[PDB]
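Asker: Have a look at this one.
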Amino acid sequence: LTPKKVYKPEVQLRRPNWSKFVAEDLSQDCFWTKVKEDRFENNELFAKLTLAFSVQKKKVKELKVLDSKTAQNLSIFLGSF
Amino acid sequence: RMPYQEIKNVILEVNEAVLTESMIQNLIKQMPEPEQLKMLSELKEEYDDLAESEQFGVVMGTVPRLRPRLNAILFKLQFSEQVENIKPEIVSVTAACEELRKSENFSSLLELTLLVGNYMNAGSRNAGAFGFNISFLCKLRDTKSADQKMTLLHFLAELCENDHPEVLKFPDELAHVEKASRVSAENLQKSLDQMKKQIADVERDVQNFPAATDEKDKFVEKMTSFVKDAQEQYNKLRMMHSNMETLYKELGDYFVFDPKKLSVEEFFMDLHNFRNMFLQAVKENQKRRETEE
Amino acid sequence: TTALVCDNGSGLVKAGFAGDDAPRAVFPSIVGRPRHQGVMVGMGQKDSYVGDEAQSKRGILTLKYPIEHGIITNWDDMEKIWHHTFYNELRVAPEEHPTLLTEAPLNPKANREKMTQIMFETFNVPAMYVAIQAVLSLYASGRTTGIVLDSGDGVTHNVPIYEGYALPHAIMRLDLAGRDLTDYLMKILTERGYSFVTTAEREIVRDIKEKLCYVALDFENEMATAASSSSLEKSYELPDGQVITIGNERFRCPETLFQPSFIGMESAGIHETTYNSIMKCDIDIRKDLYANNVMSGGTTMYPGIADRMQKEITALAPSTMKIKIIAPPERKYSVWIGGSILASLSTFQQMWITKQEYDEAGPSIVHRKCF
Amino acid sequence: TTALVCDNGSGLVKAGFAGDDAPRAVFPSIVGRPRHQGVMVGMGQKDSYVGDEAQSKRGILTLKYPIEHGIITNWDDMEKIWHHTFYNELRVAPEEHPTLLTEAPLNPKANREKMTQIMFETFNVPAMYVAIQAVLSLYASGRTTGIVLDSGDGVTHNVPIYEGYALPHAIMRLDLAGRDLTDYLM
Ligand SMILES: Nc1ncnc2c1ncn2[C@@H]1O[C@H](COP(=O)(O)OP(=O)(O)O)[C@@H](O)[C@H]1O
Ligand SMILES: Nc1ncnc2c1ncn2[C@@H]1O[C@H](COP(=O)(O)OP(=O)(O)O)[C@@H](O)[C@H]1O
Ligand SMILES: [Mg+2]
Ligand SMILES: [Mg+2]
């Protein structure tokens with residue numbers, strides 16, 4: 001057997017925190033001895049993983065203090081009064 | 001509304017055209033003590049003066065060994081329902097284990113997630129990880145990006161949409177996963193041990209039963225034919241559960257996860273939720289590509 | 001001396017002789033009164049038609065139910081129901097046969113007082129009894145213990161009984177049953193343009209609800225199936241000759257029983273009502289009540305109710321204990337069948353409320369004698 | 001631009017601009033077609049008269065109401081009402097103007113489907129809305145809660161609204177209004 005590839009990225013990335021499986025637990029006929037994931041290896045994939053996982057009518061009104069529902073029912077009331 | 005001698009004749013024949021499960025269930029649940037049955041059997045001379053429940057106890061008191069006989073009759077009429085509850089649980093786990101065993105597009109997904117995830121976990125405790133758990137795959141959606149607009153589930157679905165357009169037919173291969181998401185292995189072991197104990201109790205009843213003094217008494221022939229049929233069906237169920245325990249220990253070796261750290265129902269609920277999350281992630285990535293157009 | 005069992009429910013009066021297997025007289029409890037101007041002289045035009053004659057001539061009558069939400073509101077109308085089911089349906093004199101009567105749980109006591117007073121003064125029997133409907137529904141199930149969800153036309157109540165002891169604190173009552181489902185079907189049939197507003201149209205909508213409606217297994221999957229293709233549509237021929245066709249409203253009509261927020265009721269569904277009624281009992285007796293869900297009444301006659309009920313209780317309860325639903329096909333007359341079982345017993349001869357006990361204690365011994 | 005409020009009631013169409021105190025064009029919704037023999041050639045004899053022109057010449061016309069009990073039966077007549085209230089009365093271009101519409105509660109849905117289809121294809125507005133009439137009456141009264149008894153020409157409905165939420169289950173519709181009173185007076 002061989003150990004896994006110790007990658008050293010330039011930027012610390014966000015990671016999923018799984019419960020990892022060491023090589024001492026591995027059986028002979030398992031899936032993870034037969035993993036050949038280096039055929040999926042791409043520097044473009046690592047670059048993307050580093051980059052991602054590092055008017056005729058004026059009717060808008062600015063509400064600095066009031067919320068949306070209180071200003072709506074006030075303008076209903078002021079339009080009626 | 002049956003006459004009491006007809007109830008005795010159905011019981012002594014083991015009249016299976018008349019006997020049902022809920023009849024014997026209601027007969028046992030309202031049966032008095034055999035000391036009360038023997039005290040009713042001492043007063044057979046005043047049969048016209050006793051009550052209707054008491055006349056039922058006089059007729060039932062003549063039938064010997066009544067409480068283990070009725071429990072053997074109850075286990076006989078519940079044996080067909082107990083096989084039909086235990087066996088499709090075992091077939092659902094065995095078919096889900098065999099579908100996850102070959103599973104080549106999902107195995108290429110497992111190689112792809114481990115390569116991307118070891119680059120993400122580099123410098124951490126999980127650096128150089130040889131494997132990861134299949135039940136953790138729901139939390140690929142929880143691994144979000146820096147802008148919090150796409151997930152690791154959304155990144156791997158977009159990578160399989162771009163680079164390898166054969167990985168995406170994995171979740172239709174998972175067919176018996178949702179049926180195996182509610183199956184408890186300890187309850188299957190407890191029911192089979194209760195089945196093994198009750199077959200031994202009926203076979204002890206059969207062997208301790210005396211000779212039939214009546215031509216109507218077909219208890220000896222019909223129950224021994226049941227014991228020959230139930231020991232055959234339990235040995236079919238014990239071989240299939242041993243095949244279920246071998247395939248669970250094989251996938252315990254294959255995914256290098258411990259058999260005691262997770263049961264069957266939380267195993268395949270996470271696999272069925274990974275099926276629904278990946279189907280959402282492809283449809284969200286197709287919606288995001290149509291929005292950008 | 002054959003006794004009479006007479007379930008005077010909200011839906012239909014079911015009356016007959018004790019010791020039988022099916023009730024002799026099943027007829028709806030309505031009183032029809034004429035509203036138009038009578039122009040033909042002679043021929044015996046009655047001012048009030050009671051029972052099936054009001055159902056047959058319903059196009060000129062206003063129908064009044066004497067029982068509303070399980071409580072007898074109108075009393076002369078209920079006396080006309082009792083006079084029609086004694087003198088016309090069964091055709092027997094009521095003062096020679098003892099009579100068993102049914103009553104809803106959590107009743108106001110003056111209903112029982114006036115029922116005892118009417119049955120001991122107007123139709124004065126030598127002996128009578130008033131029984132709970134859920135106890136009679138559990139007596140006709142071939143057992144003694146269990147929980148009964150009895151859902152008539154107005155009252156849907158869960159009563160658990162353990163070893164013949166009816167627990168009073170765990171009795172739960174919801175006022176959502178088949179009349180409210182009929183009114184909700186009248187509300188949603190106007191969405192397709194088929195207006196029904198009269199009381200005579202309510203019988204046609206109730207016939208549609210009886211013949212075409214069914215309980216879905218999944219609400220969202222059946223709604224997506226009806227929205228996807230028109231394969232679930234069914235046709236109905238009206239008595240004037242018109243033909244209507246309905247789609248998703250076959251299963252949205254009994255969906256109010258499992259989602260009571262559709263007609264604006266704050267309480268939860270009948271499966272949650274059953275779960276809270278079992279959880280109000282002791283922790284040691286819950287395993288017997290999990291496997292003894294006995295259903296009764298005409299509202300539980302849908303051909304989808306048992307699978308949905310078992311799925312909802314299995315999702316509610318923990319999976320260690322067995323969930324079983326008891327649904328006999330004779331559950332429409334199961335209250336009458338349990339009354340015929342209880343009335344013919346030799347142990348029931350000492351439990352009669354006689355004429356002398358009424359003369360001694362007034363019409364108030366039925367509170368202290370019965371449960 | 002300025003939005004259009006066009007109450008297409010059963011008896012009277014009331015149309016006008018947004019933010020105005022009074023509706024600009026109030027006219028009854030009738031379609032008049034002649035039943036006698038036209039003997040004079042020329043003279044601008046149209047085959048149909050819509051609105052006040054059918055009211056002025058009603059002695060030689062058969063008048064049909066396109067809306068009966070809140071349900072639009074004749075749809076080409078309803079398109080003639082909409083074309084008359086867009087082009088003749090209001091005199092605007094509806095392709096550059098939003099148009100709100102009203103609807104009675106407990107309506108069949110296909111009436112709203114065909115209203116949406118006509119207002120988006122034949123009379124293709126940039127935007128539209130379908131609103132409940134009792135909510136608009138409670139907005140015109142100024143209060144947020146309350147129960148509105150709205151009775152037009154075909155639909156008499158009681159709708160209660162609490163805190164701006166229109167409660168669906170207590171909406172009570174009775175088909176008894178001013179056309180039934182007119183026929184009873186006749
Ligand atoms: N096949 C059916 N499907 C759905 N509902 C039904 C069916 N048969 C009867 N019902 C409903 O059940 C009601 C009758 O219930 P019933 O047992 O008479 O109650 P109660 O005795 O309290 O009046 C009827 O009002 C009817 O609407
Ligand atoms: N002053 C009044 N008194 C009584 N009824 C009236 C009066 N004015 C109008 N109406 C009735 O109200 C109806 C008009 O109601 P309206 O809401 O304008 O109908 P729509 O908006 O549907 O055309 C007419 O049919 C008329 O019969
Ligand atoms: Mg009833
Ligand atoms: Mg109007």
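Here's how to read the names in the structure tokens: chain A, B, ... by the order shown, residue numbers from 1 in each chain, ligand numbers from 1 in the order shown.
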Extract, using only C-alpha atoms, all DNA, RNA and protein residues at most 12 Å from residue 32 in chain B, discarding same-chain residues fewer than 4 positions from it, and format them as a PyMOL selection string.
Answerer: chain B and resi 27-28+36-40+53-54+56-58+60-61+66-67
Asker: Go ahead and write the selection's residues with N, CA and C atoms as an mmCIF file, in the first residue's frame.
Answerer:
data_model
loop_
_atom_site.group_PDB
_atom_site.id
_atom_site.type_symbol
_atom_site.label_atom_id
_atom_site.label_comp_id
_atom_site.auth_asym_id
_atom_site.auth_seq_id
_atom_site.Cartn_x
_atom_site.Cartn_y
_atom_site.Cartn_z
ATOM 1 N N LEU B 27 -59.699 -15.319 22.645
ATOM 2 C CA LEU B 27 -59.952 -16.458 23.524
ATOM 3 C C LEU B 27 -58.945 -16.515 24.667
ATOM 4 N N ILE B 28 -57.675 -16.218 24.378
ATOM 5 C CA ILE B 28 -56.624 -16.254 25.393
ATOM 6 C C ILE B 28 -56.766 -15.082 26.361
ATOM 7 N N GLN B 36 -59.389 -22.125 38.121
ATOM 8 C CA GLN B 36 -60.800 -21.802 37.940
ATOM 9 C C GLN B 36 -61.461 -22.730 36.930
ATOM 10 N N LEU B 37 -60.695 -23.230 35.955
ATOM 11 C CA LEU B 37 -61.227 -24.195 34.997
ATOM 12 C C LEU B 37 -61.471 -25.549 35.649
ATOM 13 N N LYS B 38 -60.596 -25.949 36.577
ATOM 14 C CA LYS B 38 -60.781 -27.213 37.279
ATOM 15 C C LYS B 38 -61.901 -27.124 38.309
ATOM 16 N N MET B 39 -62.094 -25.945 38.912
ATOM 17 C CA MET B 39 -63.206 -25.748 39.835
ATOM 18 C C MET B 39 -64.544 -25.720 39.107
ATOM 19 N N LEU B 40 -64.558 -25.226 37.867
ATOM 20 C CA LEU B 40 -65.759 -25.318 37.044
ATOM 21 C C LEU B 40 -65.982 -26.745 36.562
ATOM 22 N N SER B 53 -70.936 -17.811 30.676
ATOM 23 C CA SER B 53 -69.486 -17.842 30.831
ATOM 24 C C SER B 53 -69.049 -19.056 31.641
ATOM 25 N N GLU B 54 -69.871 -19.473 32.609
ATOM 26 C CA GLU B 54 -69.541 -20.643 33.411
ATOM 27 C C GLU B 54 -69.766 -21.939 32.644
ATOM 28 N N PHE B 56 -69.231 -22.084 29.460
ATOM 29 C CA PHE B 56 -68.055 -22.075 28.597
ATOM 30 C C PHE B 56 -66.838 -22.639 29.323
ATOM 31 N N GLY B 57 -66.733 -22.382 30.631
ATOM 32 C CA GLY B 57 -65.608 -22.889 31.400
ATOM 33 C C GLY B 57 -65.694 -24.368 31.721
ATOM 34 N N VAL B 58 -66.913 -24.917 31.770
ATOM 35 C CA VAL B 58 -67.100 -26.357 31.960
ATOM 36 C C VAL B 58 -66.618 -27.122 30.732
ATOM 37 N N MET B 60 -64.560 -25.938 28.271
ATOM 38 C CA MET B 60 -63.129 -25.705 28.100
ATOM 39 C C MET B 60 -62.279 -26.386 29.164
ATOM 40 N N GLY B 61 -62.850 -26.698 30.330
ATOM 41 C CA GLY B 61 -62.097 -27.376 31.370
ATOM 42 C C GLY B 61 -61.825 -28.838 31.087
ATOM 43 N N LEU B 66 -54.452 -26.617 28.587
ATOM 44 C CA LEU B 66 -55.154 -25.693 27.695
ATOM 45 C C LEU B 66 -54.362 -24.417 27.421
ATOM 46 N N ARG B 67 -53.661 -23.896 28.423
ATOM 47 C CA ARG B 67 -52.906 -22.656 28.236
ATOM 48 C C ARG B 67 -51.620 -22.785 27.400
#
Asker: Identify all residues of chain A in alpha helix (DSSP H) (DSSP on the backbone) and supply them as a list in words.
Answerer: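 Matching residues for alpha helix (DSSP H) in chain A are residues 43, 44, 45, 46, 47, 48, 49, 50, 51, 52, 68, 69, 70, 71, 72, 73, 74, 75, 76, 77, 78, 79 and 80 of chain A.
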Asker: Just write the chosen residues, N, CA and C atoms, as a JSON list (two decimals), in the first residue's frame.
Answerer:
[["chain", "number", "residue", "atom", "x", "y", "z"],
["A", 43, "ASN", "N", -5.27, 20.43, -11.75],
["A", 43, "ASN", "CA", -4.87, 21.70, -11.15],
["A", 43, "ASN", "C", -5.93, 22.77, -11.35],
["A", 44, "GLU", "N", -6.74, 22.65, -12.41],
["A", 44, "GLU", "CA", -7.88, 23.54, -12.60],
["A", 44, "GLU", "C", -8.95, 23.30, -11.54],
["A", 45, "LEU", "N", -9.14, 22.04, -11.14],
["A", 45, "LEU", "CA", -10.07, 21.70, -10.07],
["A", 45, "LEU", "C", -9.59, 22.24, -8.72],
["A", 46, "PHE", "N", -8.28, 22.17, -8.47],
["A", 46, "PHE", "CA", -7.73, 22.73, -7.24],
["A", 46, "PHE", "C", -7.76, 24.26, -7.25],
["A", 47, "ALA", "N", -7.61, 24.88, -8.42],
["A", 47, "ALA", "CA", -7.73, 26.33, -8.54],
["A", 47, "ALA", "C", -9.17, 26.79, -8.31],
["A", 48, "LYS", "N", -10.15, 26.04, -8.84],
["A", 48, "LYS", "CA", -11.55, 26.35, -8.58],
["A", 48, "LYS", "C", -11.95, 26.08, -7.13],
["A", 49, "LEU", "N", -11.35, 25.06, -6.51],
["A", 49, "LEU", "CA", -11.62, 24.77, -5.10],
["A", 49, "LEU", "C", -10.99, 25.81, -4.18],
["A", 50, "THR", "N", -9.83, 26.36, -4.58],
["A", 50, "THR", "CA", -9.23, 27.46, -3.83],
["A", 50, "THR", "C", -10.02, 28.75, -4.02],
["A", 51, "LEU", "N", -10.50, 29.01, -5.24],
["A", 51, "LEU", "CA", -11.23, 30.24, -5.54],
["A", 51, "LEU", "C", -12.63, 30.23, -4.92],
["A", 52, "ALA", "N", -13.26, 29.07, -4.81],
["A", 52, "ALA", "CA", -14.63, 29.01, -4.31],
["A", 52, "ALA", "C", -14.71, 28.78, -2.81],
["A", 68, "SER", "N", -41.37, 47.77, 6.85],
["A", 68, "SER", "CA", -42.20, 47.68, 5.65],
["A", 68, "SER", "C", -43.69, 47.66, 5.98],
["A", 69, "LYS", "N", -44.08, 46.93, 7.02],
["A", 69, "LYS", "CA", -45.50, 46.75, 7.31],
["A", 69, "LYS", "C", -46.11, 47.98, 7.97],
["A", 70, "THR", "N", -45.33, 48.66, 8.82],
["A", 70, "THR", "CA", -45.82, 49.86, 9.50],
["A", 70, "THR", "C", -45.94, 51.03, 8.54],
["A", 71, "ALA", "N", -45.01, 51.15, 7.59],
["A", 71, "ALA", "CA", -45.09, 52.22, 6.59],
["A", 71, "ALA", "C", -46.18, 51.96, 5.56],
["A", 72, "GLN", "N", -46.53, 50.69, 5.34],
["A", 72, "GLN", "CA", -47.60, 50.37, 4.40],
["A", 72, "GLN", "C", -48.97, 50.73, 4.98],
["A", 73, "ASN", "N", -49.21, 50.39, 6.25],
["A", 73, "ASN", "CA", -50.49, 50.68, 6.87],
["A", 73, "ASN", "C", -50.64, 52.16, 7.21],
["A", 74, "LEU", "N", -49.53, 52.87, 7.38],
["A", 74, "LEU", "CA", -49.60, 54.32, 7.54],
["A", 74, "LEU", "C", -49.96, 55.00, 6.22],
["A", 75, "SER", "N", -49.38, 54.54, 5.11],
["A", 75, "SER", "CA", -49.66, 55.13, 3.81],
["A", 75, "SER", "C", -51.04, 54.75, 3.31],
["A", 76, "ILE", "N", -51.57, 53.61, 3.76],
["A", 76, "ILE", "CA", -52.98, 53.29, 3.55],
["A", 76, "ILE", "C", -53.86, 54.27, 4.32],
["A", 77, "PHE", "N", -53.49, 54.56, 5.57],
["A", 77, "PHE", "CA", -54.27, 55.46, 6.41],
["A", 77, "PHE", "C", -54.13, 56.92, 5.97],
["A", 78, "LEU", "N", -52.93, 57.33, 5.55],
["A", 78, "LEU", "CA", -52.74, 58.70, 5.08],
["A", 78, "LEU", "C", -53.34, 58.91, 3.69],
["A", 79, "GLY", "N", -53.42, 57.86, 2.88],
["A", 79, "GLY", "CA", -54.11, 57.97, 1.61],
["A", 79, "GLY", "C", -55.62, 58.02, 1.76],
["A", 80, "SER", "N", -56.15, 57.48, 2.86],
["A", 80, "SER", "CA", -57.58, 57.54, 3.11],
["A", 80, "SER", "C", -57.98, 58.84, 3.80]]
Asker: Give the residues close to ligand 1, within 6 Å, counting only C-alpha atoms and all ligand atoms; write them as a list in words.
Answerer: residues 9, 10, 11, 12, 152, 153, 178, 206, 209, 210, 297, 298, 299, 301, 302 and 332 of chain C
Asker: As a PyMOL selection string, list the residues of chain D assigned to strand (DSSP E) by DSSP on the backbone atoms of this structure.
Answerer: chain D and resi 4-8+12-17+25-28+31-34+49-50+61-64+67-68+71-72+99-103+128-132+146-151+156-162+165-166+172-174
Asker: Using only C-alpha atoms and all ligand atoms, which protein or nucleic acid residues are at most 7 Å from ligand 2, as a PyMOL selection string?
Answerer: chain D and resi 7-14+28-29+151-154+178-179+182
Asker: What does the file look like for those residues with C-alpha atoms, as a short mmCIF file (atom, residue, chain, number, x, y, z; two decimals), in the first residue's frame?
Answerer:
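Here's the written file part09.cif:
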data_model
loop_
_atom_site.label_atom_id
_atom_site.label_comp_id
_atom_site.auth_asym_id
_atom_site.auth_seq_id
_atom_site.Cartn_x
_atom_site.Cartn_y
_atom_site.Cartn_z
CA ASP D 7 -64.01 47.93 -11.50
CA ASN D 8 -65.80 45.56 -13.89
CA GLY D 9 -68.92 45.14 -11.84
CA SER D 10 -72.01 43.18 -12.82
CA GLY D 11 -74.14 46.26 -13.48
CA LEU D 12 -71.83 49.28 -13.75
CA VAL D 13 -68.25 49.54 -14.98
CA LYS D 14 -66.34 52.22 -13.05
CA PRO D 28 -73.45 50.52 -17.31
CA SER D 29 -72.07 47.36 -18.90
CA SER D 151 -73.53 44.00 -2.65
CA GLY D 152 -73.12 45.02 -6.28
CA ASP D 153 -75.58 44.00 -8.98
CA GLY D 154 -75.21 40.22 -8.79
CA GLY D 178 -80.22 44.56 -7.48
CA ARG D 179 -81.05 42.62 -10.64
CA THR D 182 -85.44 44.76 -10.48
#
Asker: Could you give me the residues within 12 Å of ligand 3, counting only C-alpha atoms and all ligand atoms, as a ChimeraX atom specification?
Answerer: /C:6-15,26,28-29,67-71,101-105,132-134,136-137,149-157,177-178,296-300,331-336
Asker: If we count only C-alpha atoms, what is near range 51-54 of chain D at a cut-off of 10 Å, once residues fewer than 5 positions away on the same chain are taken out, given as an MDAnalysis selection string?
Answerer: chainID D and resid 12:13 26:34 59:63 80:81 84:85 89
Asker: Deliver the residues from the most recent selection as a file, using N, CA, C and O atoms, as a CSV table (one decimal), in the first residue's frame.
Answerer:
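Printed below is out_22.csv as written:
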chain,number,residue,atom,x,y,z
D,12,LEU,N,-72.5,48.0,-13.3
D,12,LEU,CA,-71.8,49.3,-13.7
D,12,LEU,C,-70.3,49.1,-13.8
D,12,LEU,O,-69.7,48.7,-12.8
D,13,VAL,N,-69.7,49.5,-14.9
D,13,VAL,CA,-68.2,49.5,-15.0
D,13,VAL,C,-67.8,50.9,-14.5
D,13,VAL,O,-68.3,51.9,-15.1
D,26,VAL,N,-68.0,56.3,-15.5
D,26,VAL,CA,-68.9,55.4,-14.9
D,26,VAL,C,-70.0,55.1,-15.9
D,26,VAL,O,-70.7,56.1,-16.3
D,27,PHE,N,-70.2,53.9,-16.4
D,27,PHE,CA,-71.2,53.6,-17.4
D,27,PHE,C,-71.7,52.2,-17.1
D,27,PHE,O,-70.9,51.3,-16.7
D,28,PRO,N,-73.0,51.9,-17.4
D,28,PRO,CA,-73.4,50.5,-17.3
D,28,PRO,C,-72.9,49.6,-18.4
D,28,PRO,O,-72.7,50.0,-19.5
D,29,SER,N,-72.7,48.4,-18.0
D,29,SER,CA,-72.1,47.4,-18.9
D,29,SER,C,-73.2,46.6,-19.6
D,29,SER,O,-73.6,45.6,-19.1
D,30,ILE,N,-73.6,47.1,-20.7
D,30,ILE,CA,-74.6,46.4,-21.6
D,30,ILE,C,-74.1,46.4,-23.0
D,30,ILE,O,-73.2,47.2,-23.4
D,31,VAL,N,-74.5,45.4,-23.8
D,31,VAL,CA,-74.2,45.3,-25.2
D,31,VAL,C,-75.6,45.3,-25.9
D,31,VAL,O,-76.4,44.4,-25.6
D,32,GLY,N,-75.8,46.2,-26.7
D,32,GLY,CA,-77.0,46.4,-27.4
D,32,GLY,C,-76.9,46.0,-28.9
D,32,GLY,O,-76.0,46.4,-29.6
D,33,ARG,N,-77.8,45.2,-29.4
D,33,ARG,CA,-77.8,44.8,-30.8
D,33,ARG,C,-79.3,45.0,-31.3
D,33,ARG,O,-80.2,44.7,-30.6
D,34,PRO,N,-79.4,45.5,-32.6
D,34,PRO,CA,-80.7,45.8,-33.1
D,34,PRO,C,-81.5,44.5,-33.5
D,34,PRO,O,-80.9,43.5,-33.9
D,59,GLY,N,-84.7,51.8,-27.3
D,59,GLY,CA,-86.0,51.4,-27.8
D,59,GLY,C,-86.0,50.5,-29.0
D,59,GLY,O,-87.0,49.9,-29.3
D,60,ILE,N,-84.9,50.3,-29.7
D,60,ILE,CA,-84.7,49.5,-30.8
D,60,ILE,C,-83.6,48.5,-30.7
D,60,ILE,O,-83.1,47.9,-31.6
D,61,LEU,N,-83.2,48.2,-29.4
D,61,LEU,CA,-82.1,47.4,-29.2
D,61,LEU,C,-82.5,46.3,-28.2
D,61,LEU,O,-83.3,46.5,-27.3
D,62,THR,N,-81.8,45.1,-28.3
D,62,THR,CA,-81.8,44.1,-27.3
D,62,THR,C,-80.5,44.2,-26.5
D,62,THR,O,-79.5,44.2,-27.1
D,63,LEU,N,-80.7,44.4,-25.2
D,63,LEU,CA,-79.5,44.6,-24.3
D,63,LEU,C,-79.2,43.4,-23.6
D,63,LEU,O,-80.0,42.8,-22.9
D,80,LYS,N,-65.7,43.5,-25.7
D,80,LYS,CA,-66.3,44.8,-26.2
D,80,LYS,C,-66.4,45.8,-25.1
D,80,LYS,O,-66.2,47.0,-25.3
D,81,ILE,N,-66.8,45.4,-23.9
D,81,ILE,CA,-66.8,46.3,-22.7
D,81,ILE,C,-65.4,46.8,-22.4
D,81,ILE,O,-65.2,48.0,-22.1
D,84,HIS,N,-64.2,49.2,-25.1
D,84,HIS,CA,-65.0,50.5,-25.0
D,84,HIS,C,-64.4,51.3,-23.8
D,84,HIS,O,-64.3,52.5,-23.9
D,85,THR,N,-64.1,50.6,-22.7
D,85,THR,CA,-63.6,51.4,-21.6
D,85,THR,C,-62.1,51.6,-21.6
D,85,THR,O,-61.6,52.4,-20.8
D,89,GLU,N,-63.9,55.6,-23.7
D,89,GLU,CA,-64.1,56.4,-22.5
D,89,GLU,C,-62.8,57.0,-22.0
D,89,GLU,O,-62.6,58.2,-21.9
